[PDB]
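Beneath this line is the structure, given in structure tokens, with notes to follow.
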Amino acid sequence: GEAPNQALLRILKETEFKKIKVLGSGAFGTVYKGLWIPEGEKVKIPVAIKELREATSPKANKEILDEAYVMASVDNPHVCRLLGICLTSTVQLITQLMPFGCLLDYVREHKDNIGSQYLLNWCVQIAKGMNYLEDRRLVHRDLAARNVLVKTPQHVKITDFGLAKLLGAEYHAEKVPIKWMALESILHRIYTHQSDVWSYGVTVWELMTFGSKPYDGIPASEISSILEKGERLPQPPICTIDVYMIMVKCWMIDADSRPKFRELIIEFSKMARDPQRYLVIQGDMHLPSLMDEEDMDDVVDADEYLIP
Ligand SMILES: *CCC(=O)Nc1ccc(OC)c(Nc2cc(-c3[nH]c(SCCOC)nc3-c3ccc(F)cc3)ccn2)c1
């Protein structure tokens with residue numbers, strides 16, 4: 001009872017795109033930004049190119065290709081989809097460029113201009129993307145504010161599927177982000193869609209604290225014990241008990257008594273219907289919308305380039 005994954009893996013010619021700037025390096029390889037012009041199409045698509053540095057003795061290509069498999073199989077307005085790979089001397093991943101960066105840095109550099117409407121709408125959009133990942137039977141295992149990209153201040157998407165794993169029709173693994181993981185994932189290394197709900201709760205806490213580090217100043221090894229002791233993250237200042245109660249339910253030890261992603265969408269959508277009743281922010285403000293550099297006459301954002 002498992003459906004055949006008929007997703008298309010588009011191979012892209014290196015001629016078809018031009019790098020422009022380095023958005024960050026280290027760790028893996030390098031992440032560039034640039035434009036992708038499919039030959040004979042007359043469109044320029046802003047993309048983000050991620051290649052593996054010095055792939056002369058890596059064998060981490062089994063890791064980058066696993067991410068490409070996952071990114072090519074997802075299609076949701078709140079999930080980053082792979083545009084294609086390039087099989088040059090270094091393997092490259094090409095996805096849609098998210099101009100405003102990850103939501104964790106954006107929430108820090110704009111904390112004096114982020115309204116309750118924006119915060120509650122982001123929590124709905126992240127929950128929608130996660131609910132879609134649950135439909136496709138995919139467990140993210142690495143949900144956080146750093147792994148949610150901001151296309152516009154009004155549109156965020158879930159990304160970074162390196163740790164992502166496709167369940168059948170309760171995954172057991174054995175480097176992890178300790179402070180975002182559900183208790184079962186620490187002790188038993190069990191990952192479920194409800195283990196993502198815990199990480200979703202930590203992600204919401206990141207946004208309401210405008211980017212504070214969870215458990216800041218605590219060693220990672222001591223987290224397994226204080227969570228069994230009944231301790232959680234504090235109530236952020238702007239958080240009413242209404243919002244913080246939802247954050248608390250995500251952090252319950254009984255994993256099945258946690259909220260479903262389809263329910264988190266509904267609760268935060270009801271609060272986005274009246275944002276200042278649930279988030280108290282001093283002075284509820286505006287957020288920005290851009291063409292950058294060269295001849296941007298035929299520019300098409302990737303969400304409008306659909307080749308079947
Ligand atoms: C806060 C983490 C972050 O990425 N911030 C950031 C800053 C500036 C940007 O462009 C203006 C973007 N846009 C973007 C980044 C990525 C991406 N990032 C990473 S690791 C962190 C390095 O920061 C760039 N990997 C990717 C990536 C994943 C899959 C793929 F196929 C290509 C690239 C993707 C899209 N847009 C973000």
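For the structure tokens, the naming scheme is as follows: chains receive sequential letters (A, B, ...) according to their order of presentation, residues are indexed from 1 within each chain, and ligands are indexed from 1 in presentation order.
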
Contact check, chain A to ligand 1, at most 9 Å, counting only C-alpha atoms and all ligand atoms, closest pairs as CSV:
```
residue,atom,partner,partner_atom_place_in_ligand_line,distance
A:22,CA,ligand 1,24 (C),8.1
A:23,CA,ligand 1,24 (C),4.6
A:24,CA,ligand 1,22 (C),4.8
A:25,CA,ligand 1,22 (C),6.8
A:26,CA,ligand 1,22 (C),8.8
A:27,CA,ligand 1,20 (S),8.9
A:28,CA,ligand 1,20 (S),8.4
A:30,CA,ligand 1,22 (C),7.9
A:31,CA,ligand 1,24 (C),5.5
A:32,CA,ligand 1,24 (C),7.3
A:33,CA,ligand 1,10 (O),6.6
A:47,CA,ligand 1,35 (C),7.1
A:48,CA,ligand 1,32 (C),5.0
A:49,CA,ligand 1,32 (C),4.9
A:50,CA,ligand 1,32 (C),4.5
A:51,CA,ligand 1,32 (C),8.1
A:64,CA,ligand 1,29 (C),9.0
A:67,CA,ligand 1,29 (C),7.7
A:68,CA,ligand 1,31 (F),7.0
A:71,CA,ligand 1,31 (F),7.5
A:80,CA,ligand 1,35 (C),7.7
A:81,CA,ligand 1,31 (F),7.8
A:82,CA,ligand 1,31 (F),5.5
A:83,CA,ligand 1,31 (F),7.4
A:84,CA,ligand 1,31 (F),7.7
A:85,CA,ligand 1,31 (F),7.8
A:92,CA,ligand 1,31 (F),7.7
A:93,CA,ligand 1,31 (F),4.1
A:94,CA,ligand 1,31 (F),4.4
A:95,CA,ligand 1,31 (F),4.3
A:96,CA,ligand 1,35 (C),5.8
A:97,CA,ligand 1,36 (N),4.2
A:98,CA,ligand 1,36 (N),3.9
A:99,CA,ligand 1,11 (C),4.3
A:100,CA,ligand 1,11 (C),5.6
A:101,CA,ligand 1,37 (C),3.4
A:102,CA,ligand 1,1 (C),4.0
A:103,CA,ligand 1,1 (C),6.8
A:104,CA,ligand 1,1 (C),6.0
A:105,CA,ligand 1,1 (C),5.4
A:106,CA,ligand 1,1 (C),7.9
A:145,CA,ligand 1,1 (C),8.3
A:146,CA,ligand 1,1 (C),5.1
A:147,CA,ligand 1,2 (C),6.8
A:148,CA,ligand 1,2 (C),8.2
A:149,CA,ligand 1,37 (C),6.5
A:150,CA,ligand 1,13 (N),7.8
A:151,CA,ligand 1,36 (N),8.0
A:159,CA,ligand 1,28 (C),6.8
A:160,CA,ligand 1,28 (C),5.8
A:161,CA,ligand 1,29 (C),8.1
```

Skipping near chain neighbours, those fewer than 2 positions away, what residues fall within 12 Å of residue A:60 using only C-alpha atoms, listed as a PyMOL selection string? chain A and resi 27-29+51-58+62-67+90-91+162

Write the residues of the preceding selection, restricted to C-alpha atoms, as a tab-separated table (two decimals), in the first residue's frame.
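Written output follows (result-v5.tsv):
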```tsv
chain	number	residue	atom	x	y	z
A	27	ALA	CA	30.42	23.11	6.85
A	28	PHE	CA	29.08	21.47	3.68
A	29	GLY	CA	30.20	23.22	0.51
A	51	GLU	CA	27.34	22.66	-4.37
A	52	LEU	CA	29.58	20.24	-2.48
A	53	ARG	CA	33.10	21.64	-2.11
A	54	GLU	CA	36.07	19.49	-3.16
A	55	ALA	CA	34.06	16.41	-4.10
A	56	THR	CA	37.27	14.50	-4.90
A	57	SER	CA	37.00	12.11	-1.94
A	58	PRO	CA	33.65	12.99	-0.34
A	62	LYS	CA	24.92	10.05	-0.79
A	63	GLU	CA	23.73	12.77	1.62
A	64	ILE	CA	23.15	15.61	-0.86
A	65	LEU	CA	21.30	13.29	-3.25
A	66	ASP	CA	19.04	12.08	-0.44
A	67	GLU	CA	18.06	15.72	0.14
A	90	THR	CA	30.78	19.17	-8.12
A	91	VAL	CA	27.16	18.15	-7.55
A	162	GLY	CA	18.85	16.44	5.09
```

Using DSSP on the backbone coordinates, identify all residues within stretch 156-292 of chain A classified as helix (DSSP H, G or I); present the result as a ChimeraX atom specification. /A:178-180,183-187,193-208,220-228,241-249,255-257,261-272,275-277

Residues within 12 Å of residue A:188, only C-alpha atoms, excluding chain neighbours under 4 positions, as a PyMOL selection string: chain A and resi 170-174+181-184+192+195+224

Set the distance at 12 Å and use only C-alpha atoms: which residues neighbour residue A:207 once local chain neighbours fewer than 6 positions away are removed? I'd like the list as an MDAnalysis selection string. chainID A and resid 102:108 110:111 114:116 118:123 126 144:146 148 200:201 213:214 236:239 243 247 279

Export of the given selection (N, CA and C atoms) as an mmCIF file, in the first residue's frame:
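Result file follows (result.cif):
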```cif
data_model
loop_
_atom_site.group_PDB
_atom_site.id
_atom_site.type_symbol
_atom_site.label_atom_id
_atom_site.label_comp_id
_atom_site.auth_asym_id
_atom_site.auth_seq_id
_atom_site.Cartn_x
_atom_site.Cartn_y
_atom_site.Cartn_z
ATOM 1 N N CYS A 102 16.504 33.097 6.163
ATOM 2 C CA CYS A 102 15.793 32.232 7.091
ATOM 3 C C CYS A 102 15.032 33.062 8.119
ATOM 4 N N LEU A 103 13.958 32.475 8.647
ATOM 5 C CA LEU A 103 13.082 33.196 9.560
ATOM 6 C C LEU A 103 13.749 33.497 10.897
ATOM 7 N N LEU A 104 14.789 32.747 11.270
ATOM 8 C CA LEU A 104 15.455 33.000 12.544
ATOM 9 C C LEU A 104 16.265 34.290 12.503
ATOM 10 N N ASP A 105 17.022 34.513 11.426
ATOM 11 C CA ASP A 105 17.760 35.767 11.308
ATOM 12 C C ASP A 105 16.825 36.934 11.023
ATOM 13 N N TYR A 106 15.777 36.705 10.229
ATOM 14 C CA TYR A 106 14.844 37.782 9.918
ATOM 15 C C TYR A 106 14.112 38.255 11.165
ATOM 16 N N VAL A 107 13.785 37.330 12.072
ATOM 17 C CA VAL A 107 13.100 37.719 13.296
ATOM 18 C C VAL A 107 14.020 38.498 14.225
ATOM 19 N N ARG A 108 15.337 38.353 14.073
ATOM 20 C CA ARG A 108 16.267 39.086 14.926
ATOM 21 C C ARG A 108 16.532 40.484 14.379
ATOM 22 N N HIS A 110 14.703 42.278 12.628
ATOM 23 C CA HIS A 110 13.489 43.067 12.450
ATOM 24 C C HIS A 110 12.567 42.974 13.662
ATOM 25 N N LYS A 111 13.117 42.696 14.847
ATOM 26 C CA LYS A 111 12.269 42.461 16.012
ATOM 27 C C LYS A 111 11.459 43.688 16.417
ATOM 28 N N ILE A 114 8.081 43.626 13.717
ATOM 29 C CA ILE A 114 7.311 42.415 13.460
ATOM 30 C C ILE A 114 6.034 42.475 14.286
ATOM 31 N N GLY A 115 4.888 42.412 13.608
ATOM 32 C CA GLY A 115 3.615 42.494 14.283
ATOM 33 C C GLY A 115 3.031 41.136 14.628
ATOM 34 N N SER A 116 2.063 41.157 15.548
ATOM 35 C CA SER A 116 1.376 39.931 15.940
ATOM 36 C C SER A 116 0.713 39.253 14.749
ATOM 37 N N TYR A 118 1.916 39.125 11.702
ATOM 38 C CA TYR A 118 2.966 38.379 11.015
ATOM 39 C C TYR A 118 3.331 37.110 11.775
ATOM 40 N N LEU A 119 3.506 37.219 13.094
ATOM 41 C CA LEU A 119 3.901 36.062 13.890
ATOM 42 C C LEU A 119 2.847 34.963 13.831
ATOM 43 N N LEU A 120 1.571 35.332 13.964
ATOM 44 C CA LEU A 120 0.517 34.324 13.923
ATOM 45 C C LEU A 120 0.336 33.748 12.524
ATOM 46 N N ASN A 121 0.561 34.550 11.481
ATOM 47 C CA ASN A 121 0.453 34.021 10.125
ATOM 48 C C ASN A 121 1.597 33.066 9.810
ATOM 49 N N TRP A 122 2.809 33.371 10.286
ATOM 50 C CA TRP A 122 3.917 32.439 10.103
ATOM 51 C C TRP A 122 3.620 31.100 10.764
ATOM 52 N N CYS A 123 3.065 31.129 11.979
ATOM 53 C CA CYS A 123 2.753 29.888 12.680
ATOM 54 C C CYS A 123 1.705 29.070 11.937
ATOM 55 N N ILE A 126 3.766 27.634 8.658
ATOM 56 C CA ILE A 126 4.645 26.526 9.024
ATOM 57 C C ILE A 126 3.826 25.277 9.323
ATOM 58 N N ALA A 144 13.033 23.831 12.771
ATOM 59 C CA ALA A 144 13.509 24.930 13.599
ATOM 60 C C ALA A 144 13.292 26.232 12.840
ATOM 61 N N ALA A 145 13.565 27.346 13.523
ATOM 62 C CA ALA A 145 13.396 28.650 12.891
ATOM 63 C C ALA A 145 14.477 28.917 11.852
ATOM 64 N N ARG A 146 15.665 28.335 12.030
ATOM 65 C CA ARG A 146 16.733 28.508 11.054
ATOM 66 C C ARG A 146 16.443 27.777 9.752
ATOM 67 N N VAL A 148 13.413 27.553 8.254
ATOM 68 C CA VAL A 148 12.221 28.090 7.607
ATOM 69 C C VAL A 148 12.644 29.340 6.852
ATOM 70 N N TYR A 200 8.014 21.738 16.408
ATOM 71 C CA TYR A 200 7.177 22.877 16.047
ATOM 72 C C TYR A 200 6.923 23.771 17.252
ATOM 73 N N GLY A 201 6.714 23.171 18.426
ATOM 74 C CA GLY A 201 6.537 23.965 19.630
ATOM 75 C C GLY A 201 7.768 24.781 19.972
ATOM 76 N N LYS A 213 17.822 31.732 22.065
ATOM 77 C CA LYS A 213 18.258 30.344 22.019
ATOM 78 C C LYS A 213 17.516 29.541 23.079
ATOM 79 N N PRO A 214 16.814 28.473 22.711
ATOM 80 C CA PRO A 214 16.159 27.638 23.723
ATOM 81 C C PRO A 214 17.188 27.013 24.652
ATOM 82 N N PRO A 236 7.003 33.232 26.820
ATOM 83 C CA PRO A 236 7.598 34.453 26.292
ATOM 84 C C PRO A 236 6.780 35.660 26.699
ATOM 85 N N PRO A 237 7.397 36.844 26.742
ATOM 86 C CA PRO A 237 6.677 38.021 27.256
ATOM 87 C C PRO A 237 5.428 38.367 26.466
ATOM 88 N N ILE A 238 5.540 38.470 25.140
ATOM 89 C CA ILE A 238 4.399 38.836 24.310
ATOM 90 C C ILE A 238 3.319 37.768 24.282
ATOM 91 N N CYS A 239 3.578 36.601 24.865
ATOM 92 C CA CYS A 239 2.678 35.463 24.764
ATOM 93 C C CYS A 239 1.588 35.553 25.823
ATOM 94 N N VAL A 243 -1.693 31.499 23.688
ATOM 95 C CA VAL A 243 -0.648 31.039 22.780
ATOM 96 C C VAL A 243 0.310 30.095 23.497
ATOM 97 N N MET A 247 1.773 26.079 22.962
ATOM 98 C CA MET A 247 3.182 25.706 23.017
ATOM 99 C C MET A 247 3.428 24.624 24.059
ATOM 100 N N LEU A 279 -1.333 38.177 21.183
ATOM 101 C CA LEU A 279 0.068 38.567 21.295
ATOM 102 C C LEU A 279 0.135 40.048 21.631
#
```

Please list as JSON, numbers by chain every residue within 7 Å of residue A:261, counting only C-alpha atoms and excluding residues in the same chain fewer than 2 positions away. {"A": [127, 130, 131, 259, 263, 264, 265]}

Go ahead and write the residues just picked, C-alpha atoms, as a short mmCIF file (atom, residue, chain, number, x, y, z; two decimals), in the first residue's frame.
```
data_model
loop_
_atom_site.label_atom_id
_atom_site.label_comp_id
_atom_site.auth_asym_id
_atom_site.auth_seq_id
_atom_site.Cartn_x
_atom_site.Cartn_y
_atom_site.Cartn_z
CA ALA A 127 1.87 24.29 10.36
CA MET A 130 4.23 20.41 8.21
CA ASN A 131 0.68 19.11 7.78
CA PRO A 259 -1.77 18.59 18.91
CA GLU A 263 -5.37 21.29 14.52
CA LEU A 264 -2.49 23.75 14.99
CA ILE A 265 -3.49 25.32 11.66
#
```

Mind the document's chain letters and residue numbers, and return as a PyMOL selection string the residues of stretch 166-258 of chain A that DSSP labels strand (DSSP E). chain A and resi 166+171-172+190-191

Would you output that residue set with C-alpha atoms, as a compact mmCIF listing (two decimals), in the first residue's frame?
```txt
# COMPACT_ATOMS: atom_id res chain seq x y z
CA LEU A 166 10.09 8.83 4.53
CA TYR A 171 12.03 5.81 12.44
CA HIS A 172 15.20 4.63 14.19
CA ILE A 190 12.25 7.54 17.78
CA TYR A 191 10.99 10.13 15.29
```

So the first atom is atom CA of residue A:307 and the second is atom CA of residue A:3; what is the distance between them in Å, to one decimal place?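 We find that atom CA of residue A:307 and atom CA of residue A:3 lie 22.6 Å from each other.
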
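Distance annotation: of A:290, A:176, A:139, A:79, the residue with the minimal separation from residue A:156 is A:79; atom set is only C-alpha atoms.
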
Which residue is closest to residue A:136? Choose from A:282, A:76, A:88, A:225 and count only C-alpha atoms. A:76

Skipping near chain neighbours, those fewer than 2 positions away, what residues fall within 7 Å of residue A:298 using only C-alpha atoms, listed as an MDAnalysis selection string? chainID A and resid 42:44 296 300

Pull N, CA and C atoms from the residues just selected and write them as an mmCIF file, in the first residue's frame.
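What ended up in again.cif:
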```
data_model
loop_
_atom_site.group_PDB
_atom_site.id
_atom_site.type_symbol
_atom_site.label_atom_id
_atom_site.label_comp_id
_atom_site.auth_asym_id
_atom_site.auth_seq_id
_atom_site.Cartn_x
_atom_site.Cartn_y
_atom_site.Cartn_z
ATOM 1 N N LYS A 42 13.187 32.351 -22.418
ATOM 2 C CA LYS A 42 13.098 33.790 -22.164
ATOM 3 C C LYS A 42 12.509 34.071 -20.780
ATOM 4 N N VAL A 43 13.065 33.406 -19.769
ATOM 5 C CA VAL A 43 12.731 33.666 -18.374
ATOM 6 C C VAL A 43 14.016 33.638 -17.559
ATOM 7 N N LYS A 44 14.066 34.476 -16.528
ATOM 8 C CA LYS A 44 15.165 34.490 -15.570
ATOM 9 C C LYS A 44 14.582 34.219 -14.191
ATOM 10 N N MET A 296 16.477 43.216 -15.346
ATOM 11 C CA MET A 296 15.446 42.370 -14.762
ATOM 12 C C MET A 296 14.098 42.636 -15.416
ATOM 13 N N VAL A 300 11.024 35.950 -13.589
ATOM 14 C CA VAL A 300 9.869 35.179 -13.148
ATOM 15 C C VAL A 300 10.253 34.452 -11.867
#
```

Name all residues at most 12 Å from residue A:232 (count only C-alpha atoms; drop same-chain ones fewer than 3 positions away) and give them as a ChimeraX atom specification. /A:179-180,182-183,198,201-202,205,214-215,223-229,235-236,244-245,247-253
